[PDB]
Amino acid sequence: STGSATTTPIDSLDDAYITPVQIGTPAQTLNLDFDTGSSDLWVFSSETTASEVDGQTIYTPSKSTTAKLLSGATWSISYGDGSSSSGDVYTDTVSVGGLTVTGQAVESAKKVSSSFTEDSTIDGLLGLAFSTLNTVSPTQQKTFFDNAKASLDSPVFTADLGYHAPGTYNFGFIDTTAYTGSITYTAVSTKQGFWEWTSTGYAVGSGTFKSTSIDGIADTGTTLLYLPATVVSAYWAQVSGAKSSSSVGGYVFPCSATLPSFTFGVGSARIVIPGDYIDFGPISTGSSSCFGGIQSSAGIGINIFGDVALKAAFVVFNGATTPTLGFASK
């Protein structure tokens with residue numbers, strides 16, 4: 001089997017991407033944030049504290065003839081941005097782009113933190129990291145991909161995120177029309193439960209490539225590119241007037257700037273992030289200070305190849321017995 005679904009930016013900045021997901025019988029379609037940096041499929045629901053729902057579409061398990069309470073199971077998750085959610089668990093039928101999993105754990109939110117409430121466009125998350133990170137207790141649950149894998153034509157999914165445009169998540173096949181040149185594959189460590197890999201270096205604009213190992217995760221659920229402070233300083237030094245602002249919470253730059261590109265290495269191959277992808281717009285409405293899309297990972301404890309990086313590539317998440325990651329230009 002295979003599946004193919006379109007993923008759409010939630011706003012004009014590509015802050016996140018939503019993909020329609022069918023849950024239950026009859027189908028209830030929710031728009032979920034596919035997140036290769038976590039491993040829980042959770043939704044706003046009929047159980048979510050009413051004051052914490054503001055415009056989201058909810059899953060109502062009592063209206064699904066295939067929903068079953070997973071008795072005794074609870075979940076609770078906290079994300080890198082400080083947001084969180086928690087609740088109980090159902091199993092139900094879940095389909096993405098024509099690919100169906102029966103008995104998928106659907107984690108129903110009883111509580112969500114303010115950032116989730118405030119984002120009316122995201123109805124929940126669909127985790128695509130390794131199932132070892134799943135938070136369900138006392139019986140850990142599998143991701144949608146893990147459940148689908150054996151049925152797939154090939155044990156893979158691909159992320160093809162758009163810049164200010166829709167893109168695609170495919171399951172079970174590699175669309176050879178969706179990228180240019182060849183796909184370069186690189187080793188993955190699953191030791192921390194992430195799609196963790198080592199970039200071979202970087203360049204800023206038309207500058208020379210610096211060969212240096214940068215361990216990090218491929219994370220579709222993180223907006224920005226978070227890299228070591230040395231790398232980030234080298235990038236922003238090429239933008240007149242750019243500076244790190246403690247008050248804002250990162251590097252800002254004059255909105256009148258033209259940003260240089262940023263290149264990262266994948267083996268001997270190179271992925272180029274155009275400068276425009278690094279512009280996240282005014283820090284506050286009407287400001288002439290703009291927020292940068294490349295930020296320091298210092299104090300996160302890990303480097304994160306988030307959407308800024310991933311949307312410059314066609315990315316293969318290869319879930320073979322020994323997982324790997326592939327990157328192609330597009």
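Along every chain, residues receive numbers from 1 upward following the written sequence, which is not necessarily the numbering found in the entry; those without coordinates are excluded from display. Just so you know, side-chain values use all the structure's heavy atoms and leave hydrogens and water out. Residues with missing side-chain atoms are left out of burial classes, side-chain pairs and their counts.

### Structural notes on the UniProt feature "active site" in the protein
Note the following rule: UniProt positions are given in the numbering used here, feature names are shortened, and annotations may be inferred rather than shown by experiment. A run of H or I in DSSP counts as a helix once it spans at least four residues, and a run of E counts as a strand once it spans at least two, with each numbered from the N terminus. Here, two residues are considered to be in contact whenever any of their heavy atoms come within 4.5 Å of each other.
Following the UniProt record, the feature "active site" maps to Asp 35 and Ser 199 here. One can find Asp 35 in strand β3 (residues 28-35). Sequence-distant contacts of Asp 35, defined by excluding residues within four places in its chain, comprise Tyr 79, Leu 125, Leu 126, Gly 127, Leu 128, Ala 129, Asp 219, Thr 220 and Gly 221. Along the chain, the position of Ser 199 falls in strand β12 (residues 196-204). Filtering out sequence-adjacent residues up to four positions away, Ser 199 remains in contact with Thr 212, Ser 213, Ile 214, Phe 264, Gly 265 and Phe 305.

### Things to note about the nonpolar core
Stated precisely, the cut-off is as follows: Throughout, nonpolar core names a set of buried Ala, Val, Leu, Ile, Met, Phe, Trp, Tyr and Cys residues whose side chains join them through atoms within 4.5 Å. We call a residue buried when its accessible area falls under 20% of the maximum for its residue type, exposed when it is over 50%, and partly exposed in between, using a 1.4 Å probe and counting protein chains only. Annotation comment: domain bounds sourced from an automatic or database domain assignment.
Counting 68 residues, the largest nonpolar core has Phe 171, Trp 236, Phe 262, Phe 264, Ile 273 and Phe 327 as the members making the most contacts within it. The dominant element in this core, judged by the number of residues it contributes, is helix α3 (residues 229-236), at four residues. Here this core spans two domains, since at least three of its residues come from each of domain 1 (5-174) and domain 2 (175-330). Contacts of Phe 262, omitting those with residues within four sequence positions, involve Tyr 202, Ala 203, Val 204, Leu 225, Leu 227, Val 231, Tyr 235, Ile 271, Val 272, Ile 273, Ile 278 and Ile 294.

### Thoughts on the sheet that holds strand β20 (residues 289-292)
The test is simple: By the convention used here, strands pair only if DSSP detects at least 2 bridges between them. For helices, the fitted line uses only the C-alpha atoms of the stretch in contact; every axis is such a line through C-alpha atoms, and the angle between N-to-C directions lies from 0 to 180 degrees.
Ordered by their spatial adjacency, four strands build an open sheet running β15-β16-β20-β19, and the pairing between neighbours is antiparallel. Strand pairing shows two members of the sheet lacking a second neighbour, β15 (243-245) and β19 (279-282), which therefore form its edges. Taken pair by pair, the neighbouring strands of this sheet meet at an average axis angle of 40°, ignoring direction. Inspection of the sheet shows strand β16 (residues 250-254) paired to β20 by three bridges, in the antiparallel sense. Paired with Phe 253 across the two strands is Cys 290, which belongs to β20.

### Details of the state of the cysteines
What counts, and what does not: Criterion for a disulfide: a pair of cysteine sulfur atoms at a distance within 2.5 Å.
In total, this model carries one disulfide according to the counting rule given. Between the sulfur atoms of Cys 255 and its disulfide partner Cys 290 the distance amounts to 2.0 Å. Here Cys 255 and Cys 290 share a disulfide; its torsion about the S-S bond, -90°, makes the bridge left-handed. Taken together, the residues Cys 255 in the loop between β16 and β17 (262-266) and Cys 290 in strand β20 connect sequence positions 35 residues apart. The partly exposed category is assigned to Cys 255, whose relative accessible area is 32%.

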